[PDB]
Amino acid sequence: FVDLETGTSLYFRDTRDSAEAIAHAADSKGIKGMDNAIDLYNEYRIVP
Amino acid sequence: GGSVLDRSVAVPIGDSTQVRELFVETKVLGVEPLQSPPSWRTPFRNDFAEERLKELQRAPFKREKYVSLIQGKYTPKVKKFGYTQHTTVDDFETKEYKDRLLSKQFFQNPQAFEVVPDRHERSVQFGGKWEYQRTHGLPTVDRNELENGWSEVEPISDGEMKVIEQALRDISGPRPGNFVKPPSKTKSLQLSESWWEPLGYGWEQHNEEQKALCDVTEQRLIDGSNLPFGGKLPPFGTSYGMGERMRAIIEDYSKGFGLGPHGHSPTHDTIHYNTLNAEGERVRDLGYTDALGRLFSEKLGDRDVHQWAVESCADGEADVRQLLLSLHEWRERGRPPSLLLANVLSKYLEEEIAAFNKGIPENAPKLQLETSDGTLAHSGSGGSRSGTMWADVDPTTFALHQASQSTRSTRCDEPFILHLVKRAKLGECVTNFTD
Amino acid sequence: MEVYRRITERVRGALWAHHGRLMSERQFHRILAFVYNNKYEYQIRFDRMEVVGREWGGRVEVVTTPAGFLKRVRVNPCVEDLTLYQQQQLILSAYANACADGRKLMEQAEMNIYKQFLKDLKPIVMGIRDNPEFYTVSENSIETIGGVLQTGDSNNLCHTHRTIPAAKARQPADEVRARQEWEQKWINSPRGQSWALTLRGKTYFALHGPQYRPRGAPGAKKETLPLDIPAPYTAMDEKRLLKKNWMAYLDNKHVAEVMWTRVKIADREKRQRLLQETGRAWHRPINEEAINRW
Amino acid sequence: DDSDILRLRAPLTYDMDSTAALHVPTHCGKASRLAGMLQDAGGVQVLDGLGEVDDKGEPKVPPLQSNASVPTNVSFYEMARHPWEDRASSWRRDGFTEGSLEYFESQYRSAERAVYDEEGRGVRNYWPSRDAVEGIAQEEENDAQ
Amino acid sequence: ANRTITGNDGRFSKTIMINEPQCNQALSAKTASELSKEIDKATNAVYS
Amino acid sequence: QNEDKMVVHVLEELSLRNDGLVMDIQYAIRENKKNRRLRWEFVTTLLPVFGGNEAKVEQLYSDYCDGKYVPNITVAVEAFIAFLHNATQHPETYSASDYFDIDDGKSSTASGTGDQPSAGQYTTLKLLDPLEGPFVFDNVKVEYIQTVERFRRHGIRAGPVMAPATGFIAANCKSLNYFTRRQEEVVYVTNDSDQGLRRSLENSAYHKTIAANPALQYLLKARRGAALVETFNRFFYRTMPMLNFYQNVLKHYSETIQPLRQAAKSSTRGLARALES
Amino acid sequence: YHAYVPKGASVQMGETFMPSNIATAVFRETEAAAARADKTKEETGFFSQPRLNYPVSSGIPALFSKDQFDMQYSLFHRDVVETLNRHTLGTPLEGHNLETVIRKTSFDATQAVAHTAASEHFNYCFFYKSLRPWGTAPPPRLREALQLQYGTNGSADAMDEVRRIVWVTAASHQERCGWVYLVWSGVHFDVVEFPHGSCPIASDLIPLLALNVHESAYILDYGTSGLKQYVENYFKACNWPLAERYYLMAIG
Amino acid sequence: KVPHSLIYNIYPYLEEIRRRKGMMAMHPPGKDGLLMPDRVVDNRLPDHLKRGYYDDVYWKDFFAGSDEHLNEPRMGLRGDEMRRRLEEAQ
Amino acid sequence: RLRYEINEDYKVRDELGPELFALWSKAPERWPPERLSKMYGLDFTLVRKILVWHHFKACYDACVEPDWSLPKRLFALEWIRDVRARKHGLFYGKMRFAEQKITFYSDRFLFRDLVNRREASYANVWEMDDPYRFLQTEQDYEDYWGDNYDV
Amino acid sequence: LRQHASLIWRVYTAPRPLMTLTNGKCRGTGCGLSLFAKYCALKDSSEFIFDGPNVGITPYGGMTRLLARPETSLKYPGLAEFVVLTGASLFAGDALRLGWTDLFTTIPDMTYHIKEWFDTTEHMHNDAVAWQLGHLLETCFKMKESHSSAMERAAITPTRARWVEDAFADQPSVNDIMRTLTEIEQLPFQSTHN
Ligand SMILES: [Mg+2]
């Protein structure tokens, strides 16, 4: 997954609006939630 | 003490007489309550007299040499980070804290505090079986001083911020070696393992480097035939897996990273780099060389480099070692020439540069050595400073390439004519043979 | 969280990209941990104070800690006659303007935190670019197996900047030592002697003398020379790993490489967006030779 | 009429248009939560003449003021700082024991001014005698003694 | 409860479909306040 | 001739015996040429003296960059005066661009200097912030900044805050530049030895319109008669930083040159006898 | 972002110098560029121009200004290729090598279009591949070969002599439409002059160096009388080592 | 569906949802964390310049046997250490 | 035969000096497990485990006795789950995986609690994480302290 | 009003990725609902009508913001006044050129394919998620292949842009706008400027 560059742009989608990602009105800056790593080592394990 | 809490204790100024005779001006500001001075400004609560007496009694010891009583010990001892033994910082430790701590430590075990320790064994305890609840941890600092007493932080301006993030956006620009790793920097693998050394890993590269850049009097040549697999990677299913983990290590260490000229990773899904050695050929036909390089190697001709250096410097001109160094690093290991070497070459080669420059149309690139701008990087001049077509070339590759041109003598140190006769009769195919 | 972790990954990645140094996972997380705890401290102290939002006239008052917690609500009996719906909306809008004021405060606080954080990164960052071997090439210059090709256009437009004095090294440390030399020179002068008896002088000595801090008082008790971590000259996490187990070596270098790539991709995305906003770039690929022809 | 469109730009009061301001994100999250928060605060307080101005203009029932200010002593980097050296960084460094380092540095200094100028003439020599290179410092022996 | 909003869930994906073909998909106050529930309960789901 | 040198002669001679030093001088010169700020300062300072074409002022700016121009002390003095005038008549442009320190009436103590420092006056002539100033490398720029602020805030007069005394071309001397050997062409305005700044001020046609300003009254007359000297040197440091720059270049040259020639001859003869042997 | 930026434009740093007017004009030029890109994607034939190994955004050093070389590359050569594509589709020559187009169209009047375009395509290609921007010094082995033929009792006399014979050959082709090649006959070297619409592969030689003697090549820079100067400069900018490895491959 | 046994893994996530109120939710105004390169920086030096460049900061002959950091790896070396290299070569 | 150890990023040698011991020593209440847990890039169970070990090492280092209630405090949820499991299936020990309920929750099962958490608010930060927020009813307090006959 | 506005906000702040497939027309608050999702796809049928001064009211749905971005003033000066004053429909091409969204597709029943694609996916780790989502986007919704400028549906096709900027750009009233317009209607068929 990591090797194929594809989808890494998506960590950074907040960049799509320039004057916003500076302003920080929306709390969601990241793929799964509030930031890109909130819990890296915990969340994903909820899948069997 | 910078702080709101850091005001002092009650101090004497004398009777009305001495007060009027002390102060010249007095200006008053409105009444507000008395904050009790914190524990560290309080002289009776902070007295260190015992510890200071200990320091003084040991003070003459501090004036002598440090000497290891293991003779033949040189290397320093490592003190690690966060060990309690080594912590010198007392944030709130007053005499008060040190005493509360002392007492708690003493009633933990007394036998730590005896010069000759008696047997220390645990007995029962008076609070209960759960007594640790009323006992444990370290003495606690009062929370008022924890929160409020701290120094006033020196305000950071916007200037220093903009500087820091400028430096932050300087380092995020690409380094030329990372996307496609030079075969020269991928020979450098060493593991502490007992299976890594028996197989010379980078041997063919290292052999190439040695043969091209080193005199034959001093060179060590690794032979692949005697090496474990024949200096190769074994065929797939044969080697019991020695070969496979070999390949895995190599492919993982030699992989590139960062972004390439097409703006994508080397491993990116749909779009590719170096298709059918399309870059390999692009180096084949271009090659890495300055125009200035060959103008110099043309005018100098046969005669001795060192001789030339003693010539081009009259006695008072410049250190010979300097322009010798810079010349060597410019010719092989191709680099931008230092403005020393550029000044020398300018007043040396002026007629060859004139002759190279005399025909050119107006809007086309000329060849010029002028250092009026501070920096030497020949990506900075437009490549027009020297004759270079490249922004950067890694030294090893440059040296291999220009040594593949036969001009200089490395293995030709021998007698001249014998060298040339070996070159003619044995050809260059004499090294087809590995024996 | 996000703004920080992005910059820290920038640092880690760059650290391995430019020199062969790895940052220990321990270290990488403990940076972030320090940012976090900073925020926490600011919270601890922020809850001791209150912010007052007010709606119509002054007749709806809402007292709330800057974190957005609600402590009191005062109301005119006028409001009591409205409707449950409008009462609710009124109080809710007062609460909103309170949260607004609080959030203004907090955002100044956060700017302050960001500054401290940067200041703490500076010996590392300026550790890697302040060496005699560090360099960069322009992002638009082609890279080929030998080395990097020259960008052709506008031979005036490429200026190479240099951060280091090329003659004998003057390091930040020499500058701090210079600063305390001038401090002492000023103090020990006659005009400085008279100044040290002023209020300005004693403000200066209370803030910036550590040497006079009584034993057990919070804060550093000496003045510290600025940290020097020259990147290519200091082995950090790669040598311990290389001695112990190759596998962890390969994994950690892999992590650093991945992070660096990711950072670079982000920078490409921001660049692309800024390019589209100003209309120099289209909204779908119109130039495919810039991609497919490699 | 132009004056009427001039009027549109004024912010929402409750005196003119009888509607509260919209502010959207707070309404989005906390709209259903409000009863809870309110009763946690022990209900509202109905006071009299909160925003009602008196005869000469003075506030009747003086309004509540915010104590809030940005705390200026709170840098955490100086709170937890390096355990022996007092530096404020987050950087973990394993130092060497002071006094190991001192001795070490001393013997280096001695060894190097022994090698590079052995005769104490004062100038740097890159071609040292075999006796000065493989020779042991007598200071070591003297320290044992 | 009004059968205004309907849905289709795959393992890892979620489909929320607004069904009001009569008034030309114009959401009422109740239906909108409902959608802001289904959207964030679909979006804050674990497997989406 | 081996004695008298110009700045260009020095840089082209030194270009052989110090690579790094010259590389530095030149990088710095470039970065100073890039600032719009230093340009605007030079221009708007020297405009009143010539009063004429900004073409000549711009030319003189570019020539000033190379050491090919130093202002004549006469021109210097009347430029300073012209400044005091233009800043007083309409205060808005030159108190929002050129900086004076302002009095705090929140702070009051009894002294003759410190009271004129305390209420409604200009305390000090302020130098450019370290970002907009003359060049410093980005190693040290942070510590430089911190130091500048720490010192201005707490009223420390020392280091980067104090302005070095700049030299000018003497009244009798018609020479355009600095020279390595001739020291009498260059004239310093010191506290004790003055260049007639006072007698030129009082006899100037602007003396009364400047005497009008209550704020300038402290910088004209201070317990330290060095208020005028400090205002002067500070002004020409913040406006024309590169006079001190080149002055220090030549200073350093004349200091270190002969050791370098000894090293050169010794090493070259080393490889010489080594070679012929 | 590379894919999204049009063909000509350079991607750089904002200096915030743009007034809104020209800032909009730019977006409009980009829109047009997108349209013409969509039509060039469909106008694409079998053959195409070669990618250049060296940056030509500025001129070719010591030889061409930007306008000269880009009047060769983006004007004459691309026309040649449009012609070649127009006439190799709907014929037995569809989708074959550049060779098997050159060689199977050789010496016939009926297919003269296809052959002329093909050979010009090759010549231009080989010309671009024959230019190394800052020039190069001729390798020892090639010098040894050339000396055994052209050299008369002088050191690398073969180099001055070869760069003389090339000049003479160039001046002796009067029509100013064609090419001058240094080639290997397979038994010896020589400098041959090909007329426009003729190629060394068609005559089954092996090409080493190419020089473009079309008047359209030197007109913008050296004028109409400047051919000598032109050639002299060409040797400052030529690529010898290529000629060498081709020579050595020819021999074995 | 989610098994009852695996739900504990969601806990830390759910935890800092709860704990994200206040300053922890706050981002620095103006700063996205994505800093694009603008200029080009090269600090590289000719060898003779760096021979004595770090003498004051550290000892003289700082780059001595360093192969990566020098274009001439053997400069500054005293004779012995030069001899060592050949000694291991043969 | 013992030479390699998994997870080389955090070494036991390096955790001997406990982190920020000069702080949470002095007011251990202002330092809940969260503040420290941001320090480690490991999963939850592991980092709480490590924090326990830190506290104990620190205590033994300072020559005072450690809080033995600390492991119960950090793991409180696990504690109570084990107590109620022990009362349910009748056994003494620690519940393991085989004996967990087989209930299958829906995808969005956590929504109610999610909006309850997302909208929570706290007067101070101590209220935010106190150790005892796990407990509401009396049954909770009876399960949490059954061990100390003191409490 | 409050519930619609707050709904828009909900879509804007959604924690996990929320992809709004826009199939068919949007009136004002619907425009808001579709455009502010971080992943907003447009099919050919997608449409935006920001109107309501025609029903005697001011536009709602926040799209006003999008129309006022300095970007829109750069690319299409005057377009903001055109769409806000004149109730006028914008289409997929216009929403793409303005950079309101990155994503567009022509594939039938896209929703089914998204479903079945995310059925075959395996883990929840954000590496995996990032790639799966990203690959989905690149293969369909970004137009890498089989797309042209002739084919995208556009109201503002470039002559129209020139006209709009001649009429509505930088005019300090509605009145100025229509005496301008009135002066434009008057042009002959033979003038250069017609
Ligand atoms: Mg519930």
# chains A, B, ... in the order shown; residues from 1 in each chain; ligands from 1
>>> residues_near_ligand(ligand="ligand 1", cutoff="10 Å", atoms="only C-alpha atoms and all ligand atoms", output="number ranges by chain")
I: 110-116
>>> write_last_selection(atoms="N, CA and C atoms", output="short mmCIF file (atom, residue, chain, number, x, y, z; two decimals), in the first residue's frame")
data_model
loop_
_atom_site.label_atom_id
_atom_site.label_comp_id
_atom_site.auth_asym_id
_atom_site.auth_seq_id
_atom_site.Cartn_x
_atom_site.Cartn_y
_atom_site.Cartn_z
N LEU I 110 -21.40 2.32 18.14
CA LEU I 110 -20.74 3.21 19.09
C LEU I 110 -21.23 4.64 19.01
N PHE I 111 -22.20 4.90 18.15
CA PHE I 111 -22.62 6.26 17.85
C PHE I 111 -23.08 7.06 19.06
N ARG I 112 -24.00 6.51 19.85
CA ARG I 112 -24.48 7.20 21.04
C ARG I 112 -23.32 7.66 21.93
N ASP I 113 -22.43 6.73 22.23
CA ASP I 113 -21.29 7.07 23.07
C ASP I 113 -20.36 8.03 22.37
N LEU I 114 -20.35 7.98 21.05
CA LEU I 114 -19.47 8.83 20.28
C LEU I 114 -19.91 10.28 20.37
N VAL I 115 -21.21 10.52 20.26
CA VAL I 115 -21.69 11.89 20.34
C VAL I 115 -21.71 12.36 21.78
N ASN I 116 -21.77 11.42 22.72
CA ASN I 116 -21.66 11.79 24.13
C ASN I 116 -20.27 12.23 24.50
#
>>> closest_atom_pairs(of="chain F", to="chain C", cutoff="6 Å", atoms="only C-alpha atoms", output="Markdown table")
| residue | atom | partner | partner_atom | distance |
| --- | --- | --- | --- | --- |
| F:20 | CA | C:167 | CA | 4.2 |
| F:21 | CA | C:167 | CA | 5.2 |
| F:137 | CA | C:163 | CA | 5.7 |
| F:138 | CA | C:163 | CA | 5.1 |
| F:140 | CA | C:172 | CA | 5.0 |
| F:154 | CA | C:204 | CA | 5.9 |
| F:158 | CA | C:182 | CA | 5.8 |
| F:159 | CA | C:182 | CA | 5.7 |
>>> write_last_selection(atoms="C-alpha atoms", output="tab-separated table (two decimals), in the first residue's frame")
chain	number	residue	atom	x	y	z
F	20	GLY	CA	36.69	32.08	1.49
F	21	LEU	CA	37.12	35.64	2.71
F	137	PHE	CA	24.45	34.70	7.60
F	138	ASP	CA	21.55	32.43	8.47
F	140	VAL	CA	23.64	33.15	13.44
F	154	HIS	CA	15.99	46.01	28.72
F	158	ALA	CA	26.20	47.32	23.74
F	159	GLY	CA	26.87	44.89	20.90
>>> residues_around(residues="residue 82 of chain J", least_positions_apart="6", cutoff="8 Å", atoms="only C-alpha atoms", output="PyMOL selection string")
chain J and resi 88+164+168
>>> write_last_selection(atoms="C-alpha atoms", output="PDB file, in the first residue's frame")
ATOM      1  CA  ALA J  88     -28.202  31.001 -13.773  1.00  0.00           C
ATOM      2  CA  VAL J 164     -19.468  38.343 -18.604  1.00  0.00           C
ATOM      3  CA  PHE J 168     -20.591  42.431 -14.812  1.00  0.00           C
TER       4      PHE J 168
END
>>> residues_around(residues="segment 185-187 of chain B", least_positions_apart="6", cutoff="8 Å", atoms="only C-alpha atoms", output="number ranges by chain")
B: 201-203, 205-206, 253-254
>>> select_by_dssp(residues="chain E", states="alpha helix (DSSP H)", output="VMD selection string")
chain E and resid 29 to 43
>>> closest_residue(among="H:11, H:53, H:63, H:58", to="chain C", atoms="only C-alpha atoms")
H:53
>>> decode(residues="segment 399-421 of chain B", atoms="N, CA, C and O atoms", output="mmCIF file, in the first residue's frame")
data_model
loop_
_atom_site.group_PDB
_atom_site.id
_atom_site.type_symbol
_atom_site.label_atom_id
_atom_site.label_comp_id
_atom_site.auth_asym_id
_atom_site.auth_seq_id
_atom_site.Cartn_x
_atom_site.Cartn_y
_atom_site.Cartn_z
ATOM 1 N N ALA B 399 34.576 10.490 -11.893
ATOM 2 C CA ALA B 399 35.945 9.981 -11.949
ATOM 3 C C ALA B 399 36.051 8.717 -12.819
ATOM 4 O O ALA B 399 36.960 8.602 -13.649
ATOM 5 N N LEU B 400 35.116 7.786 -12.642
ATOM 6 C CA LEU B 400 35.047 6.597 -13.495
ATOM 7 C C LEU B 400 34.894 6.946 -14.979
ATOM 8 O O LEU B 400 35.539 6.343 -15.851
ATOM 9 N N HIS B 401 34.041 7.925 -15.261
ATOM 10 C CA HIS B 401 33.748 8.298 -16.641
ATOM 11 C C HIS B 401 34.956 8.918 -17.314
ATOM 12 O O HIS B 401 35.335 8.504 -18.412
ATOM 13 N N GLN B 402 35.564 9.909 -16.669
ATOM 14 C CA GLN B 402 36.694 10.587 -17.293
ATOM 15 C C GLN B 402 37.935 9.696 -17.303
ATOM 16 O O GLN B 402 38.820 9.887 -18.130
ATOM 17 N N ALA B 403 38.008 8.722 -16.399
ATOM 18 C CA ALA B 403 39.136 7.788 -16.430
ATOM 19 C C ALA B 403 38.930 6.721 -17.512
ATOM 20 O O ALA B 403 39.891 6.068 -17.928
ATOM 21 N N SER B 404 37.681 6.544 -17.958
ATOM 22 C CA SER B 404 37.386 5.691 -19.119
ATOM 23 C C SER B 404 37.905 6.329 -20.419
ATOM 24 O O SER B 404 38.010 5.669 -21.463
ATOM 25 N N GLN B 405 38.191 7.628 -20.336
ATOM 26 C CA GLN B 405 39.053 8.334 -21.279
ATOM 27 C C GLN B 405 40.508 8.099 -20.836
ATOM 28 O O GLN B 405 40.809 8.233 -19.649
ATOM 29 N N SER B 406 41.410 7.767 -21.764
ATOM 30 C CA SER B 406 42.732 7.208 -21.396
ATOM 31 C C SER B 406 43.878 8.222 -21.156
ATOM 32 O O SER B 406 45.036 7.824 -20.964
ATOM 33 N N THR B 407 43.542 9.515 -21.164
ATOM 34 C CA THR B 407 44.507 10.632 -21.119
ATOM 35 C C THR B 407 45.574 10.604 -19.990
ATOM 36 O O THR B 407 46.778 10.726 -20.258
ATOM 37 N N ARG B 408 45.126 10.469 -18.738
ATOM 38 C CA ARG B 408 46.017 10.454 -17.563
ATOM 39 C C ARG B 408 46.714 9.099 -17.393
ATOM 40 O O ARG B 408 46.230 8.078 -17.899
ATOM 41 N N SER B 409 47.815 9.083 -16.635
ATOM 42 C CA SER B 409 48.533 7.805 -16.393
ATOM 43 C C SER B 409 48.359 7.377 -14.929
ATOM 44 O O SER B 409 48.829 8.112 -14.038
ATOM 45 N N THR B 410 47.709 6.230 -14.705
ATOM 46 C CA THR B 410 47.511 5.676 -13.337
ATOM 47 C C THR B 410 48.267 4.346 -13.249
ATOM 48 O O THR B 410 49.107 4.195 -12.340
ATOM 49 N N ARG B 411 47.976 3.438 -14.185
ATOM 50 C CA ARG B 411 48.662 2.120 -14.289
ATOM 51 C C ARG B 411 49.806 2.238 -15.307
ATOM 52 O O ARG B 411 50.481 1.221 -15.561
ATOM 53 N N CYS B 412 50.005 3.443 -15.851
ATOM 54 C CA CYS B 412 51.046 3.750 -16.867
ATOM 55 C C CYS B 412 52.294 4.301 -16.169
ATOM 56 O O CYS B 412 53.199 4.784 -16.878
ATOM 57 N N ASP B 413 52.344 4.209 -14.836
ATOM 58 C CA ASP B 413 53.515 4.727 -14.079
ATOM 59 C C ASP B 413 54.752 3.994 -14.604
ATOM 60 O O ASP B 413 55.780 4.663 -14.829
ATOM 61 N N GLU B 414 54.638 2.681 -14.830
ATOM 62 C CA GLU B 414 55.747 1.934 -15.421
ATOM 63 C C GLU B 414 56.608 2.746 -16.396
ATOM 64 O O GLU B 414 56.332 3.920 -16.645
ATOM 65 N N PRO B 415 57.670 2.117 -16.935
ATOM 66 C CA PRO B 415 58.324 2.610 -18.154
ATOM 67 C C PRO B 415 57.323 2.830 -19.278
ATOM 68 O O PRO B 415 56.409 2.025 -19.452
ATOM 69 N N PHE B 416 57.511 3.902 -20.035
ATOM 70 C CA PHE B 416 56.517 4.356 -20.998
ATOM 71 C C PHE B 416 56.235 3.355 -22.108
ATOM 72 O O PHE B 416 55.086 2.912 -22.310
ATOM 73 N N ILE B 417 57.289 2.993 -22.825
ATOM 74 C CA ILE B 417 57.122 2.208 -24.034
ATOM 75 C C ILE B 417 56.620 0.797 -23.715
ATOM 76 O O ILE B 417 55.838 0.230 -24.474
ATOM 77 N N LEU B 418 57.039 0.242 -22.582
ATOM 78 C CA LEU B 418 56.556 -1.073 -22.172
ATOM 79 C C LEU B 418 55.057 -1.027 -21.881
ATOM 80 O O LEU B 418 54.308 -1.918 -22.289
ATOM 81 N N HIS B 419 54.632 0.016 -21.174
ATOM 82 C CA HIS B 419 53.217 0.267 -20.930
ATOM 83 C C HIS B 419 52.434 0.280 -22.243
ATOM 84 O O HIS B 419 51.416 -0.414 -22.377
ATOM 85 N N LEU B 420 52.907 1.054 -23.218
ATOM 86 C CA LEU B 420 52.177 1.139 -24.485
ATOM 87 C C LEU B 420 52.186 -0.176 -25.253
ATOM 88 O O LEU B 420 51.222 -0.497 -25.954
ATOM 89 N N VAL B 421 53.261 -0.944 -25.126
ATOM 90 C CA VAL B 421 53.338 -2.204 -25.851
ATOM 91 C C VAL B 421 52.386 -3.229 -25.233
ATOM 92 O O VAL B 421 51.737 -3.986 -25.951
#
